[PDB]
Each structure stands twice: as C-alpha cells, then as structure tokens.
Amino acid sequence: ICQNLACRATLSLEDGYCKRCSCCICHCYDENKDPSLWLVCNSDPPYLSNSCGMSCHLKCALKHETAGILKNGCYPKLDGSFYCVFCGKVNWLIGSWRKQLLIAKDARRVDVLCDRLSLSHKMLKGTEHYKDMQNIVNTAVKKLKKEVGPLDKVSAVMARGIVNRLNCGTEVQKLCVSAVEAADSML
Ligand SMILES: [Zn+2]
Ligand SMILES: [Zn+2]
Ligand SMILES: [Zn+2]
C-alpha cells in the first residue's frame, strides 16, 4: 500500500518504490505533483515504439548522464531527446522545453522565472538541430544572469521578488514568448 495520499497504489515485494507516483531515479514522489516537472516514457509522436510508462523528475534526468541529456563519455548524447532510464526508449524533450518557457513568460515570482528558464537552458545545451530556438533562450539567460547571478543559486531575497520589479523582467519574458514561437514555426 503506497503512502502517497494522491496514489495509494498497492505495492509488491519487488518494489523499492511505487512505479505509478514515484521517480525511478530518486525513488521519491511529490506532495502536489506538477506534471510539467516530470518526464514520462510514452509512445507519443515522434517516437512510437513500445514504452514502459515509467516517470522521473525532469531535474533528476538533467542531473544524471544515463538519460542522455547531460553530455558524458559513456552514453551517446541525444539532441532534444532523452533515454528512459528504465527501458532505454528515446523520448522527446521539446514538449517539456515548451512547457517550461510558457510558465516562465507568465511567472510573477522571480524564483519561478529563474527555475523554469534554467531548466530550458539545460535541456537543449549544445543542440545542433534546435540552435535557433536555444539561442533565444541563451540570450534570455545571459540577460537574467546580469541581474540575479547564476539562475540555480539565486538568493532568497531576490527569489521572493516580483518579476515586474526586475530591470530586465519584461524583456526576458518577451524572449520566452519568442522562443516558443520559434519552436512552433519550425515544427
Ligand atoms: Zn504511489
Ligand atoms: Zn527524482
Ligand atoms: Zn521506458
């Protein structure tokens, strides 16, 4: 019996974690699950092959090389895609990348903006196929960094701030809109 209130799925002897609600990397579930912070192995276009349905935190996939996003000597790096860490199936990142930018451009809080933009920035780092898209994101990040420093290390004082009160806030959010449109136009 799963202890996650929003799941309560029956577990087995096999399980070191519940497959339905928990991340297959860190073996943790979220209290109020936000699907935009998760990746799921599925058979959606453009990758129709058989999938396992296993899920992980987007952040966990970015942090560990086995997912084929973080460049490593061991794993052939993918461009705009990830390896499901369970079954190995290649899945697309672009849907997730889009979602991060849509939340960023509408964000009122600085920490949301920094966090979401940083994820998009990492997801497509070193891309060849999506260069034009990501160059817009790179421009937005460089602008934001000049005001808050490294996006992942933003101070608590800046974090509680309002995006509109930043000197570059509206400019950065305009760039987020631009990046999403660029993705939509190419695809
Ligand atoms: Zn569960
Ligand atoms: Zn995780
Ligand atoms: Zn899978």
Side-chain angles (χ1 to χ4, degrees), residues 1-104 106-107 109-130 134 137 141 150-154 156 159 183 187:
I1 205 297
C2 187
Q3 305 302 291
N4 180 1
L5 175 284
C7 168
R8 303 187 302 267
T10 60
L11 278 79
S12 179
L13 340 87
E14 78 200 82
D15 292 313
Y17 71 103
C18 169
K19 298 187 173 302
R20 292 186 186 180
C21 72
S22 296
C23 169
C24 55
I25 291 170
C26 74
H27 294 171
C28 300
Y29 56 90
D30 294 357
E31 185 189 324
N32 301 292
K33 197 204 189 94
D34 176 357
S36 67
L37 291 180
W38 289 73
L39 294 174
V40 190
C41 182
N42 60 69
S43 295
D44 297 342
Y47 299 117
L48 305 172
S49 76
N50 279 120
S51 49
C52 70
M54 294 297 289
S55 58
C56 64
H57 290 110
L58 173 52
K59 287 185 190 194
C60 286
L62 293 170
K63 198 185 294 183
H64 300 93
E65 297 84 348
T66 61
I69 314 177
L70 187 57
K71 183 55 163 72
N72 201 228
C74 284
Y75 302 99
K77 195 204 184 309
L78 297 163
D79 188 353
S81 294
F82 72 100
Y83 300 111
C84 166
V85 299
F86 188 83
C87 78
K89 182 191 177 283
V90 181
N91 289 272
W92 213 29
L93 282 172
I94 302 309
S96 177
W97 179 93
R98 259 183 94 268
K99 283 178 178 77
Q100 307 318 315
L101 291 173
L102 291 172
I103 295 164
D106 286 316
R109 308 169 62 196
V110 173
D111 51 8
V112 177
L113 180 63
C114 291
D115 182 52
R116 295 292 180 162
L117 191 57
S118 172
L119 291 167
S120 281
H121 184 64
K122 291 171 183 173
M123 287 167 82
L124 282 183
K125 187 190 186 304
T127 183
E128 300 300 307
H129 204 248
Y130 307 98
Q134 194 67 348
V137 172
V141 172
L151 299 186
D152 302 315
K153 299 291 182 289
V154 63
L187 303 158

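The first residue in the sequence is number 1, and the count goes up from there. Whatever order the structure lists ligands and atoms in, that order sets their numbers, starting from 1. All heavy atoms count here, side chains included; hydrogens, waters and symmetry mates do not.
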Quiz item: So, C28 and the Zn ion (ligand 2): N/O/S under 2.8 Å, yes or no?
Solution: no
For SG in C84 and SG in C41, the angle at the Zn ion (ligand 3) (nearest 10°) is 110°
Between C60 atom SG and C23 atom SG, the angle centred on the Zn ion (ligand 2) rounds (to 10°) to 120°
Separation between CG (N91) and CG (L78), nearest 0.5 Å, reads 10.0 Å
Among N, O or S atoms, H57 approaches the Zn ion (ligand 2) most closely through ND1
Taking the Zn ion (ligand 1) as the apex, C21 SG and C2 SG span an angle, rounded to 10°, of 110°
Angle subtended at the Zn ion (ligand 3) by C52 SG and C87 SG, to the nearest 10 degrees, is 120°
Counting C-beta onward and ignoring hydrogens, is there a side-chain heavy-atom pair between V137 and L124 closer than 4.5 Å? no
* Asked: Do the non-hydrogen side-chain atoms of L101 and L117 ever get within less than 4.5 Å of each other?
  -> yes
Practice task
Fit a plane to each ring of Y17 and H27, take the angle between them on a 0 to 90° scale, and name the class: parallel (under 30°), tilted (30 to 60°) or perpendicular (over 60°).
Solution key: parallel
Stepwise, does the salt bridge (charged side-chain N to carboxylate O under 4.0 Å, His left out) test hold for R116 with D34?
CA-CA 13 Å; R116 295 292 180 162; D34 176 357; 2.9 Å; yes
